[PDB]
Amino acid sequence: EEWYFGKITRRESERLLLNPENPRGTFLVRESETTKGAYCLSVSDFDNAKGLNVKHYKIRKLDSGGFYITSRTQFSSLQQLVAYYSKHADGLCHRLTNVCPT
């Protein structure tokens, strides 16, 4: 749905995400530019060394089966992946909050 930005670049996704109006955990999903066949979760975060920043998480997919950031926490679809990380961070920088406007 709405959060799937497709073939958007890393840099453009960082420019969209970095808007100060975006709360922590504003996100998108896109393709990986560098890993082909893979996806990325791009997430806004904040620390006080750097302020506003973005984290990117590689999404992989085992061949005949699950989508994953870490290999024991798998999901059958990208939908399930994102719906999970919106309930809990589970190791992520932040829980997923806002879909990115863009």
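Residue indices: 1-based, along the sequence shown. Definition used throughout: the rigid core is the maximal C-alpha set that superposes within 1.5 Å between two forms.
Out of 71 to 79 and 53 to 61, which one drifts farther from the shown form in 6 other deposited structures of this protein in terms of CA positions, with the fit done on the rigid core?
Comparing 71 to 79 with 53 to 61, the larger C-alpha deviation in 6 other deposited structures of this protein belongs to 71 to 79.
For at least a third of the other PDB entries compared, is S42 missing from the model even though its neighbours are present?
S42: modelled in all of the comparison entries.
Report the stretch with the higher mean CA temperature factor, choosing between 44 to 52 and 71 to 79 on the basis of the entry.
Of 71 to 79 and 44 to 52, the stretch with the higher C-alpha B-factor average is 44 to 52.
Tell me which stretch, 86 to 94 or 19 to 27, has the higher mean Cα B-factor listed in the entry.
Per the PDB entry, the higher value belongs to 86 to 94.
Just say lowest, middle or highest third for the CA B-factor of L62 relative to the other modelled residues in its chain.
CA B-factor rank for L62: highest third.
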